[PDB]
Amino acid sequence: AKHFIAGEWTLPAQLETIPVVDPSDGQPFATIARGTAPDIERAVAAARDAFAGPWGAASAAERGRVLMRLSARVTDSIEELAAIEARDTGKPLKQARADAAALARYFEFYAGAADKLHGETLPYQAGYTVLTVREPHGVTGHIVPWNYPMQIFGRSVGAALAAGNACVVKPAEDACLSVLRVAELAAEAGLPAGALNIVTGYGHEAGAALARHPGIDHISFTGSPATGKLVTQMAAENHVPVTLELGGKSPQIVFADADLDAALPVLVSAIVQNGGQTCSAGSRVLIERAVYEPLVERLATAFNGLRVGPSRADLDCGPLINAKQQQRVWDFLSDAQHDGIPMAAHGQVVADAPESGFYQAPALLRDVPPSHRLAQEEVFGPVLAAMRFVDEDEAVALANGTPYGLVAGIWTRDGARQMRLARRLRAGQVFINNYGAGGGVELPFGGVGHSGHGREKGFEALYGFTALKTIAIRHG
C-alpha cells in the first residue's frame, strides 16, 4: 500500500492503509495507502519539480510521443488492466475490457493533439505584433471517481499531460487499483518522474487536502454535486479554477415516428451499462403518447431477460460498488413503490450470486410523475423511469425540468425536429438516433446547471487545461 510520488512507490506519511473490496463477494483482497495532508504535500512538490524540470522542458511533440507509447502500453496490457478494473469496480469483464481500450484511445488521441494546440496572432495597431500562447496551468489536480477509474483517468490526465501539465491524482477509495498500474505503464512509456503522481485515500482526507493545496493551479473534478460544491469552495481559497463533471438525469426522448427496433437496445444499454452507475446514464425515457405503451412493453420484455451476477460471470450487470450505494438504490425503489409508481419490469440476480455481494437487478418503472424524486434525482443504479408527453413543447419542458443537464437522446425520423429539439435541450451533448455509441473520446463532454460546468474529452478539453497568455510587441 504505497503512493506513487516522484516516480517511486512511497509509504504513506502516517503509515495507515485502506481495504480494497471486491464488490462481487464484498470481501477485501488488497489494500491502498491512506493518504493524508503530508502525502499531498509531497505529491505537489514532486509535480512542481517535474513541471519546472524535465517534463516542462519537453516540447509538445515530445510529450505526444510519450503519450503515444503509453497508449501502446495500455493496448498491450488490456487484459491485465481489465482484470484489475473488473475485480475492483464490479463491472462485467466485457465492459472493463472496453474501458481499457477506451483508455488507450484517450492517450492515442491526445498524443496527436499535443503539438497541434495552437494559439493565435491578433490584428492590432500599426507597428505592433500581437500573439497568444496556450500554456499549461502548471500543476493540475485530478479527482477521479470509482465508476470509471481508467476512462476518467485517461480523460483527465491524458488531456492535462498533453497540455504540458504535471499531475497530482486522488483516485476513488472504492476503486483505484487500475490507476496505480497505469502509472507504472506511464513510467515505462518514458514519462519523467514527478509528471504523474498518485495519492490514494479517503475524499475527506486526501481529496480535501488536494483541493485546499495552494500549490495546485487547476483542478479537474468528477463526482457528486455536493462534493463538487465543497471542492470549488475549498479551491476558491487559493483562487484555483475547478472543472465540475457532476451527475445527471439524462432523458431519452422518443417520438411516434421513431424506429423502436433500433432504439430498444440502445435505451436498455444506456441505463444497464456499469449498473447505471454513470453520470450520463439514460435514466429517463420520455415517450410520445402514441407509442408510450408499445415502447414500455418492449422495454419490459428486455428488462425481464436481464441478469445480474459476479463480475467474472460477465452478465448484463455486475454488483454495485458498495453497500451504501446499494441501500441508496433500494431507497429510491422503496419510495417509488410506496407512492404507487408501478414497476413495469425488472431483471434478476442469479441464484449462485454471493450473498455478501451488493447486487441490484435492473428495474423499469412506468407512469413516473415528473416532479417525483425518482424523476428528479440521480439514482446511480440500473433504474429506468418512463413517462409520456403529448408534443415537442412538453418534451422540452420535461427534459429540462430537472436541475441536471448533461446528455440528451433524441429518437425521431423527422430531421427538422431533430435539430430543432437539439437547440432547445439543455445539455452538453445531444445524440440523434443514438446515445454515445462510440467511446466519445473526440466528443467534448460536460454539463450545465447542477451537472457542473466546463468541458473535458475531445480537443476542447485542452483549452480547460491551458491558460492564454497574450504577448504584445511594439516594433514600429
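All residue numbers refer to positions in the sequence shown, first residue = 1.
When the C-alpha B-factors of 136 to 144 and 382 to 390 are averaged, 382 to 390 comes out higher. Mean CA B-factor, 12 to 20 versus 456 to 464: the higher value falls on 12 to 20. As recorded in the PDB entry, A351 shows the highest C-alpha B-factor of the residues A226, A351, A211, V268. Ranking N304, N400, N197, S156 by the C-alpha B-factor listed in the PDB entry places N304 at the top. Sorting the modelled residues of the chain by their CA temperature factor places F29 in the highest third. Looking at the C-alpha B-factors along this chain, the one for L131 belongs to the lowest third. The PDB entry assigns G275 a C-alpha temperature factor belonging to the highest third of its chain's modelled residues. For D76, the recorded CA temperature factor ranks within the highest third of the chain's modelled residues. In the PDB entry, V441 places in the middle third of its chain by CA B-factor.
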